[PDB]
């Protein structure tokens, strides 16, 4: 009956239009800890933490109570005219966690709107500065920045492109900083070529035309792609030379995922100009997004430098008290129980548990940073491998584990509170699923 309602009345994200009104999705009913349950009652490990969001897991009354209390007391105030305590205190809190002087926050309802607003900010910025040509955005193939028209245009995941008008002169794609595209080169020489590609792009487009460089610290939806060490710092140095805003998209990496509140500086060696965030900010309990903007950047277009300008960008649910109260409870809980510390302390055990799968003939590679990980499966990335990995994903589900299928990769990013025992349980399910499917494909 729930399935019949989904089928007849919902348009799904990434819906195969040939199977519109015939599609089946598993029905989830309830959840606790790292676990979710089907309408059959069967318990499964939420390997992706929903969608890299459920940092503290499911069933935390602390977030729910703070949500409910604020919803009753004062659920809405217009952010154009009226201030609230939740928004004020949340912005104050996040300002203590960000690198450098990124101490002023603009709030949105999710990651796309935050990145959209970061990009609209880069426009505004250069317009106020009297640089109307300085508008272009530099991104990478395999990157993901959202699903608004502009943010999808900034998205390097080309599987999302068909039947959308993605290409435009404002946006230029650099190569994916994938270590396994290094070929006959060392990782250090591959990084040399990556960096040179960027400065060549700057030269051919003209620095005076480029507003922003937009980059996830690791390319999560691309398949947990970790740039060769030093990438972020080398690119930042180049941005600063040409006065190009570095927007680090920490929608996935932020709020504990890479063992830190923000991965940009502490893990990846970059102090960005802007950080975007979502997901983990509320542990996926309610929609919130936003962007932290550098004080020195804002000073150049405000005060005596304002030129009578007004930042006429904003959403109805920007600074919404309910979502901000929930996030505040989330962060306070994560602080209280050292959950960010927990993720940092579990990272090596996580990496090593995944690495024990490299034993298998079906496994090409495993990688990870913090508690985001990846198992690459090849028949030995062709079309045969994608279907093979899909069958592994399916077998994992049957044995009690949700993995996220990304082409030839099984992706896991579990709640940050996952134990050593639960990690091994997860891995043992993956091992069984890989072994059995590989046998049906003649791997020996």
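Numbering follows the first chain given and starts at 1.
Counting the unmodelled positions of the deposited sequence between residue 380 and residue 381 gives a gap of 4 to 9 residues. Looking at mean Cα B-factors across 283 to 291 and 362 to 370, the upper value is held by 362 to 370. Comparing 105 to 113 with 350 to 358, the stretch with the higher mean C-alpha B-factor in the PDB entry is 350 to 358. Per the deposited coordinates, the residue with the largest Cα temperature factor out of 272, 303, 217, 256 is 303. Of the candidates 124, 81, 315, 213, it is 81 whose Cα B-factor is highest according to the PDB record.
Sort the modelled residues of the chain by CA B factor and residue 407 lands in the highest third. When the CA B factors of the chain's modelled residues are split into thirds, the value for residue 27 lands in the highest one. Sorting the modelled residues of the chain by their CA temperature factor places residue 181 in the highest third.
Among the modelled residues of the chain, residue 62 sits in the middle third by CA temperature factor in this PDB entry. Residue-level temperature factors show residue 206 in the middle third of its chain, judged at the C-alpha atom.
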